[PDB]
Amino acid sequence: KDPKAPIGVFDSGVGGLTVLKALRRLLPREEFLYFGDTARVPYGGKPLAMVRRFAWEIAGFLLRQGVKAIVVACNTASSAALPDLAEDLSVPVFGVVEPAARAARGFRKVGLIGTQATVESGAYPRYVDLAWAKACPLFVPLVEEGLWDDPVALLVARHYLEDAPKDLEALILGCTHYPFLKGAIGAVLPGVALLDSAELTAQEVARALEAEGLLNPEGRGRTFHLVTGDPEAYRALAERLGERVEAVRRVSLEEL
């Protein structure tokens, strides 16, 4: 075990930067390698078994880079590839399904929103009983176009969330992009606790890695970005979501 090594984080694109930010806030001295599979984004409308294979090849790439842990920041890739990926690999592997499902278990009536793949996967029912679950495809592009505070967002939120139970006490924001929409989602579902995948996973990663002696108290915190599509396109989209991307390199889908 080498605490000097980086933590790998991966997602289909820029959305997983919500998970990276939450991690960096808790672990300001860790080195992160953030991998965005922008050549094959989005994952949410692909076959779950195809996404599972993507996760395997990206995990191997991150292990060849020397990481001491892997975070699956994507809710679709977590749904497709966990728990098995964590069972199959020696390094600690963390995803974004279990921590929010665990928190959800302290409510009686729980909902899930996410991509098509995520809601159809059955991943969340493995860990928490769900009263209601709804795929919300337009949420991701609405966020990537910068419109989370626009009334279009409130109108789209109404279109997806109107028919949710009056019962609901909690809603899992089971997609990387949904923290940007807490405003609109909350306006449409007053009272309902909103469970943020990034914050609850960041907490679990920081806890578990401390527990195992894998953190580096002497480190200088920094992030390197690796993408499969065009680096400048990524950097521009990341800036629209409020992330300054300093170092980015394109990784060949051949290197996988």
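Start at 1 and count along the sequence shown; that's the residue number.
Inset, instruction - Look up the CA B-factors in the entry and say which stretch, 235-243 or 14-22, has the higher mean. - result: Higher mean C-alpha B-factor in the PDB entry: 235-243.
Legend entry - Of 99-107 and 174-182, the one with larger mean CA B-factor: It is 99-107 that shows the higher mean C-alpha B-factor.
Legend entry - Among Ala73, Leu168, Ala117, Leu89 - the residue whose C-alpha B-factor is largest in the record: Max CA B-factor in the entry, restricted to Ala73, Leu168, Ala117, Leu89: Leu168.
Legend entry - Third assignment of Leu138 from its chain's C-alpha B-factors: As the PDB entry reports it, the C-alpha B-factor of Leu138 lands in the lowest third of its chain.
Inset, instruction - Pull the Cα B-factor of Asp230 out of the PDB entry and bin it into the chain's lowest, middle or highest third. - result: Its C-alpha B-factor, which the entry lists for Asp230, ranks in the middle third among residues of this chain.
Inset, instruction - Place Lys68 in the lowest, middle or highest third of its chain's C-alpha B-factors, as listed in the PDB entry. - result: For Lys68, whose C-alpha B-factor we compare with every modelled residue in the chain, the answer is the middle third.
Legend entry - Chain thirds of CA B-factor: placement of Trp148: For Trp148, the deposited C-alpha B-factor lands in the middle third.
Inset, instruction - Sorting the chain's modelled residues by C-alpha B-factor, tell me whether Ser197 ends up in the lowest, middle or highest third. - result: Middle third - that is where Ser197 ends up once the chain's C-alpha B-factors are sorted.
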